[PDB]
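Have a look at query33.txt below; it lists compact mmCIF, C-alpha atoms.
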```
# COMPACT_ATOMS: atom_id res chain seq x y z
CA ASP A 9 -21.22 11.89 11.98
CA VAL A 10 -19.20 8.67 12.11
CA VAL A 11 -19.17 6.20 9.21
CA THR A 12 -18.92 2.64 10.57
CA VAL A 13 -18.15 -0.55 8.64
CA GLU A 14 -17.71 -4.04 10.07
CA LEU A 15 -15.89 -6.56 7.90
CA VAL A 16 -14.55 -10.10 7.86
CA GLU A 17 -11.39 -10.57 5.71
CA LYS A 18 -9.70 -13.82 4.61
CA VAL A 19 -6.26 -14.01 2.95
CA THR A 20 -6.26 -15.58 -0.50
CA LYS A 21 -2.64 -14.91 -1.44
CA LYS A 22 0.55 -14.01 0.33
CA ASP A 23 4.02 -13.64 -1.23
CA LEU A 24 7.13 -13.41 1.00
CA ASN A 25 10.81 -12.90 0.25
CA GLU A 26 11.77 -15.96 2.36
CA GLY A 36 13.70 -7.61 7.34
CA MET A 37 11.27 -9.95 5.61
CA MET A 38 8.67 -8.35 3.35
CA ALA A 39 5.35 -9.41 1.98
CA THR A 40 2.46 -8.69 -0.30
CA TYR A 41 -1.02 -10.03 0.15
CA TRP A 42 -4.59 -10.20 -1.06
CA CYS A 43 -7.77 -10.73 0.97
CA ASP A 44 -11.42 -11.35 0.27
CA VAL A 45 -13.64 -8.93 2.19
CA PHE A 46 -17.04 -10.03 3.53
CA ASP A 47 -19.85 -8.20 5.29
CA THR A 48 -21.17 -9.59 8.60
CA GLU A 49 -23.76 -11.77 6.70
CA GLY A 50 -20.94 -13.65 4.87
CA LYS A 51 -21.57 -11.85 1.52
CA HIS A 52 -18.47 -11.12 -0.59
CA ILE A 53 -18.28 -7.35 -1.01
CA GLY A 54 -14.65 -6.41 -1.75
CA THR A 55 -10.91 -6.91 -1.72
CA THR A 56 -7.88 -5.85 0.32
CA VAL A 57 -4.34 -5.58 -1.11
CA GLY A 58 -1.40 -4.89 1.17
CA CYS A 59 2.28 -4.89 1.79
CA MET A 60 4.38 -5.49 4.90
CA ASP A 61 7.92 -4.90 6.07
CA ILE A 62 9.25 -6.34 9.34
CA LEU A 63 11.03 -3.30 10.87
CA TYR A 64 12.74 -4.89 13.97
CA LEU A 72 9.03 -8.74 15.63
CA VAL A 73 7.44 -5.40 14.68
CA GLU A 74 5.63 -5.38 11.28
CA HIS A 75 4.60 -2.27 9.32
CA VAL A 76 1.66 -2.53 6.96
CA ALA A 77 0.20 -0.36 4.23
CA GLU A 78 -2.97 -1.60 2.55
CA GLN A 79 -5.93 -0.60 0.44
CA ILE A 80 -9.46 -1.80 0.80
CA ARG A 81 -12.00 -1.69 -2.00
CA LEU A 82 -15.71 -1.75 -1.01
CA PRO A 83 -18.84 -1.43 -3.21
CA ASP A 84 -19.10 2.28 -2.43
CA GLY A 85 -15.50 3.47 -2.16
CA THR A 86 -11.89 2.82 -1.22
CA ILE A 87 -9.80 3.25 1.92
CA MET A 88 -6.08 3.18 2.66
CA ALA A 89 -4.87 1.91 6.07
CA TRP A 90 -1.46 1.71 7.67
CA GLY A 91 0.17 0.90 10.99
CA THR A 92 2.58 -1.09 13.11
CA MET A 93 1.79 -4.43 14.72
CA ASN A 94 3.67 -6.67 17.09
CA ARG A 95 3.40 -10.20 15.63
CA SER A 96 2.80 -11.78 19.06
CA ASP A 97 -0.14 -9.44 19.84
CA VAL A 98 -1.86 -10.56 16.66
CA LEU A 99 -1.36 -14.20 17.69
CA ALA A 100 -2.74 -13.59 21.21
CA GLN A 101 -5.94 -12.40 19.47
CA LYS A 102 -5.46 -8.81 20.69
CA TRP A 103 -7.13 -5.85 18.92
CA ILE A 104 -4.75 -4.09 16.50
CA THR A 105 -5.43 -0.45 15.58
CA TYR A 106 -4.46 0.95 12.19
CA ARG A 107 -5.08 4.51 11.04
CA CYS A 108 -7.01 4.92 7.83
CA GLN A 109 -8.14 7.50 5.30
CA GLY A 110 -10.81 7.31 2.65
CA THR A 111 -9.37 7.56 -0.87
CA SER A 112 -12.53 7.65 -2.98
CA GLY A 113 -16.33 7.36 -3.09
CA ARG A 114 -18.31 7.50 0.16
CA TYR A 115 -15.10 7.55 2.23
CA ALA A 116 -13.40 10.43 0.44
CA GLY A 117 -11.99 12.97 2.87
CA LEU A 118 -12.81 10.84 5.93
CA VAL A 119 -10.19 9.70 8.43
CA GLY A 120 -10.29 7.25 11.33
CA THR A 121 -9.25 3.80 12.48
CA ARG A 122 -9.31 0.19 11.35
CA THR A 123 -9.31 -1.99 14.46
CA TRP A 124 -9.02 -5.72 13.78
CA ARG A 125 -8.10 -9.07 15.32
CA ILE A 126 -7.79 -12.71 14.34
CA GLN A 127 -11.36 -13.99 14.54
CA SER A 128 -10.41 -17.64 15.11
CA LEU A 129 -7.47 -18.80 17.25
CA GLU A 132 -6.12 -21.80 11.11
CA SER A 133 -6.52 -19.74 7.88
CA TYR A 134 -6.60 -16.82 10.36
CA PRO A 135 -9.60 -14.71 9.12
CA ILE A 136 -9.89 -11.30 10.76
CA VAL A 137 -12.74 -9.16 11.99
CA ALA A 138 -12.19 -5.47 11.29
CA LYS A 139 -14.05 -2.40 12.48
CA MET A 140 -13.65 0.85 10.54
CA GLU A 141 -14.77 4.20 11.87
CA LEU A 142 -14.24 7.37 9.84
CA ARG A 143 -15.32 11.01 10.13
CA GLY A 144 -14.41 14.46 8.66
CA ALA A 145 -10.84 15.69 9.31
CA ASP B 9 18.91 19.08 7.19
CA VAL B 10 17.29 17.73 3.96
CA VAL B 11 18.03 14.05 3.29
CA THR B 12 18.07 13.16 -0.43
CA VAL B 13 18.05 9.68 -1.89
CA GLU B 14 18.13 8.84 -5.59
CA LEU B 15 17.19 5.32 -6.74
CA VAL B 16 16.33 3.28 -9.79
CA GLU B 17 13.61 0.68 -9.27
CA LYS B 18 12.57 -2.14 -11.58
CA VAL B 19 9.56 -4.41 -11.32
CA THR B 20 10.27 -8.10 -10.77
CA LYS B 21 6.80 -9.34 -9.84
CA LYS B 22 3.25 -8.18 -10.35
CA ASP B 23 -0.17 -9.65 -9.62
CA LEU B 24 -3.55 -8.19 -10.60
CA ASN B 25 -7.15 -9.06 -9.69
CA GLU B 26 -8.57 -12.13 -11.45
CA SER B 27 -11.91 -12.47 -13.23
CA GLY B 28 -14.81 -12.94 -10.79
CA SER B 29 -12.90 -11.28 -7.86
CA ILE B 30 -14.36 -7.80 -8.29
CA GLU B 31 -18.02 -7.83 -9.28
CA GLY B 32 -18.47 -6.31 -12.75
CA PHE B 33 -14.73 -5.67 -13.45
CA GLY B 34 -11.82 -7.56 -15.03
CA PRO B 35 -8.10 -7.67 -14.11
CA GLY B 36 -6.51 -4.25 -13.69
CA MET B 37 -8.59 -2.78 -10.80
CA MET B 38 -5.98 -3.69 -8.14
CA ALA B 39 -2.42 -4.98 -8.03
CA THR B 40 0.46 -5.94 -5.78
CA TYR B 41 4.07 -5.69 -6.94
CA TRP B 42 7.71 -6.08 -6.04
CA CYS B 43 10.69 -4.11 -7.32
CA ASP B 44 14.42 -4.39 -7.09
CA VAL B 45 16.02 -1.15 -5.89
CA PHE B 46 19.36 0.10 -7.16
CA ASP B 47 21.60 3.02 -6.27
CA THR B 48 22.86 5.60 -8.82
CA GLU B 49 26.01 3.52 -9.38
CA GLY B 50 23.70 0.60 -10.36
CA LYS B 51 24.27 -1.62 -7.30
CA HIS B 52 21.28 -3.65 -6.04
CA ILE B 53 20.60 -2.30 -2.54
CA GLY B 54 16.97 -2.95 -1.59
CA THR B 55 13.40 -3.86 -2.37
CA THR B 56 10.07 -2.07 -2.79
CA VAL B 57 6.74 -3.77 -2.21
CA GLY B 58 3.48 -2.04 -3.11
CA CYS B 59 -0.21 -2.14 -3.85
CA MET B 60 -2.45 -0.24 -6.26
CA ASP B 61 -6.17 0.42 -6.48
CA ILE B 62 -8.05 2.18 -9.30
CA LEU B 63 -10.05 5.04 -7.84
CA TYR B 64 -12.00 6.13 -10.89
CA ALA B 65 -11.83 7.39 -14.46
CA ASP B 66 -11.44 11.18 -14.69
CA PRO B 67 -14.78 12.38 -16.20
CA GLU B 68 -12.85 15.28 -17.86
CA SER B 69 -10.66 12.73 -19.91
CA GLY B 70 -11.43 9.03 -19.51
CA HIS B 71 -7.97 8.71 -17.95
CA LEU B 72 -7.55 6.28 -15.06
CA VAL B 73 -6.74 7.61 -11.66
CA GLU B 74 -5.02 5.16 -9.35
CA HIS B 75 -3.84 5.18 -5.75
CA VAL B 76 -0.63 3.51 -4.53
CA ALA B 77 0.74 2.61 -1.12
CA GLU B 78 4.23 1.14 -0.98
CA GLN B 79 7.21 0.48 1.24
CA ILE B 80 10.87 0.72 0.32
CA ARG B 81 13.61 -1.11 2.20
CA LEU B 82 17.14 0.30 1.89
CA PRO B 83 20.38 -0.78 3.67
CA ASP B 84 20.00 1.98 6.30
CA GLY B 85 16.20 2.08 6.88
CA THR B 86 12.68 1.96 5.55
CA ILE B 87 10.24 4.43 3.97
CA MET B 88 6.50 4.34 3.29
CA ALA B 89 5.17 6.23 0.23
CA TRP B 90 1.66 6.77 -1.06
CA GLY B 91 -0.31 8.88 -3.49
CA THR B 92 -2.69 9.27 -6.37
CA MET B 93 -1.55 9.44 -10.02
CA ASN B 94 -3.15 9.80 -13.42
CA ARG B 95 -2.03 6.90 -15.65
CA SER B 96 -1.84 9.30 -18.65
CA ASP B 97 0.85 11.29 -16.80
CA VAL B 98 2.70 8.10 -15.90
CA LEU B 99 2.73 6.76 -19.49
CA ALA B 100 3.74 10.23 -20.82
CA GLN B 101 6.86 9.89 -18.60
CA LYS B 102 5.99 12.91 -16.48
CA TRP B 103 7.35 13.28 -12.97
CA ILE B 104 4.90 11.90 -10.41
CA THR B 105 4.94 13.15 -6.79
CA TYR B 106 4.03 10.95 -3.85
CA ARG B 107 4.18 11.75 -0.13
CA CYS B 108 6.51 9.66 1.93
CA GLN B 109 7.76 9.21 5.46
CA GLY B 110 10.47 7.25 7.17
CA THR B 111 9.41 4.22 9.17
CA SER B 112 12.76 3.00 10.61
CA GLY B 113 16.51 3.43 10.73
CA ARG B 114 18.07 6.55 9.25
CA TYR B 115 14.70 7.78 7.94
CA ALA B 116 12.83 7.52 11.24
CA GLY B 117 11.25 10.87 12.08
CA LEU B 118 11.50 12.20 8.51
CA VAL B 119 8.81 13.28 6.09
CA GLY B 120 8.76 14.55 2.50
CA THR B 121 8.21 13.59 -1.15
CA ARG B 122 9.02 10.77 -3.54
CA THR B 123 9.10 12.05 -7.12
CA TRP B 124 9.53 9.48 -9.87
CA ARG B 125 9.41 8.94 -13.62
CA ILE B 126 9.44 5.94 -15.93
CA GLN B 127 12.85 5.82 -17.66
CA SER B 128 11.74 3.31 -20.34
CA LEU B 129 8.37 1.87 -21.34
CA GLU B 130 9.99 -0.62 -23.71
CA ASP B 131 11.80 -2.34 -20.83
CA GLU B 132 9.08 -4.56 -19.35
CA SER B 133 10.44 -3.91 -15.84
CA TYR B 134 9.34 -0.25 -16.32
CA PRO B 135 12.42 1.15 -14.62
CA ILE B 136 11.83 4.38 -12.71
CA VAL B 137 14.14 7.04 -11.41
CA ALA B 138 12.92 8.00 -7.94
CA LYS B 139 14.12 11.03 -6.00
CA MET B 140 13.21 11.18 -2.32
CA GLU B 141 13.63 14.31 -0.27
CA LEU B 142 12.94 14.11 3.46
CA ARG B 143 13.11 16.59 6.38
CA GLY B 144 12.43 16.34 10.11
CA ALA B 145 8.71 16.24 11.00
CA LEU B 146 9.64 18.04 14.23
CA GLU B 147 9.51 21.77 13.45
```
For this file, write the structure as structure tokens.
Amino acid sequence: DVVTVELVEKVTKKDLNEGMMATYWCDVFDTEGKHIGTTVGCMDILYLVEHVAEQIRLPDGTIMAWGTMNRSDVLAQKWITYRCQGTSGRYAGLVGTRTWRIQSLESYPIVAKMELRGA
Amino acid sequence: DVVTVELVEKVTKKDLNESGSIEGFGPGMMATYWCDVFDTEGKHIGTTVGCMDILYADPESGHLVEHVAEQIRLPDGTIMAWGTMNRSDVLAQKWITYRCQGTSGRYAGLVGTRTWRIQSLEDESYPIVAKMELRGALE
């Protein structure tokens, strides 16, 4: 049985070291625009190919996600797929995908779709 | 066949959640950080960036259990590391074991462990010794 979560996330903070690297924070909203959690993440630009590892906190548990994105695909508003794994609460033990894209081609909020199930 | 890397890492920047961010909880629930990475001869050779989330308090103790995901950039490649730790163990200067895998360069294709310990709590950069041991994922 799949667990499915649709989110909207907006960046509130980003630090960079200008192989650029970054850390960031996002507000997480449900589809009704209600504020329900937070994402923290880090990024390293491998070759432009970026590699992300992040953690998402939701009212009922926590998830880690990770993956590799081409910068230009993000900017074309293509769907990016990260792998993810529940780390606590309702998501514990579950694995799946976090598929997301820039919602609006400015502040660049994203829509993200998480699907997890037993491993 | 085993690749071993020994580092010292020291925090240079940290941010934690602010009041009002996380409903019902104060700063401390989540963090991002940066560290300077040094070799065993003490030369500055790279950077680590990371994030932390509190999972829960251990009902058997009251101790905080946290989860970390981080990335380390070295002159010859990059590694991703992640894991859960009990903060009691960390502050007691026990050795903490995280999983890690290479993401580029010399470490591409490699998997193993990142075992670390705080070298000093007095030093507000909380220097750690980290020992990474990696082997080929391909059997």
Checklist entry - Between CA of residue 122 in chain B and CA of residue 54 in chain B, what is the distance, to one decimal in Å? => result 16.0 Å
Checklist entry - Counting all atoms listed in the file, what is within 8 Å of range 94-107 of chain A, bar same-chain residues fewer than 6 positions away, as a ChimeraX atom specification? => result /A:72-74,119-127,129
Proximity check chain A to chain B, 8 Å, nearest pairs one decimal Å, only C-alpha atoms, as JSON lines:
```
{"residue": "A:38", "atom": "CA", "partner": "B:57", "partner_atom": "CA", "distance": 7.5}
{"residue": "A:39", "atom": "CA", "partner": "B:57", "partner_atom": "CA", "distance": 7.2}
{"residue": "A:40", "atom": "CA", "partner": "B:40", "partner_atom": "CA", "distance": 6.4}
{"residue": "A:41", "atom": "CA", "partner": "B:40", "partner_atom": "CA", "distance": 7.4}
{"residue": "A:54", "atom": "CA", "partner": "B:30", "partner_atom": "CA", "distance": 6.7}
{"residue": "A:55", "atom": "CA", "partner": "B:30", "partner_atom": "CA", "distance": 7.5}
{"residue": "A:57", "atom": "CA", "partner": "B:59", "partner_atom": "CA", "distance": 6.0}
{"residue": "A:58", "atom": "CA", "partner": "B:59", "partner_atom": "CA", "distance": 5.8}
{"residue": "A:59", "atom": "CA", "partner": "B:58", "partner_atom": "CA", "distance": 5.8}
{"residue": "A:60", "atom": "CA", "partner": "B:79", "partner_atom": "CA", "distance": 7.6}
{"residue": "A:61", "atom": "CA", "partner": "B:79", "partner_atom": "CA", "distance": 7.3}
{"residue": "A:63", "atom": "CA", "partner": "B:112", "partner_atom": "CA", "distance": 6.5}
{"residue": "A:77", "atom": "CA", "partner": "B:77", "partner_atom": "CA", "distance": 6.1}
{"residue": "A:78", "atom": "CA", "partner": "B:77", "partner_atom": "CA", "distance": 6.7}
{"residue": "A:79", "atom": "CA", "partner": "B:61", "partner_atom": "CA", "distance": 7.0}
{"residue": "A:81", "atom": "CA", "partner": "B:61", "partner_atom": "CA", "distance": 7.6}
{"residue": "A:86", "atom": "CA", "partner": "B:63", "partner_atom": "CA", "distance": 7.2}
{"residue": "A:88", "atom": "CA", "partner": "B:77", "partner_atom": "CA", "distance": 7.8}
{"residue": "A:111", "atom": "CA", "partner": "B:63", "partner_atom": "CA", "distance": 7.4}
{"residue": "A:112", "atom": "CA", "partner": "B:63", "partner_atom": "CA", "distance": 6.0}
```
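When only C-alpha atoms are used to measure the gap to residue 20 in chain B, the shortest distance among B:50, B:110, B:135, B:120 belongs to B:135.
CA of residue 82 in chain B is positioned 9.7 Å from CA of residue 114 in chain B.
Between CA of residue 44 in chain A and CA of residue 27 in chain B the separation is 13.6 Å.
Residue nearest residue 43 in chain B within the list B:67, B:118, B:124, B:134: B:134 [criterion: smallest interatomic distance, all atoms listed in the file].
Near residue 100 in chain B, within 10 Å and counting all atoms listed in the file, sit residues 95, 96, 97, 98, 102, 103, 125, 126 and 129 of chain B; same-chain residues fewer than 2 positions away were not included.
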Could you write out as AutoDock Vina command-line options the box around range 135-144 of chain A (axis-aligned, all atoms listed in the file, 5 Å on each side), with centre and edge lengths in Å to one decimal?
```
--center_x -12.5 --center_y -0.1 --center_z 10.6 --size_x 15.7 --size_y 39.2 --size_z 13.8
```
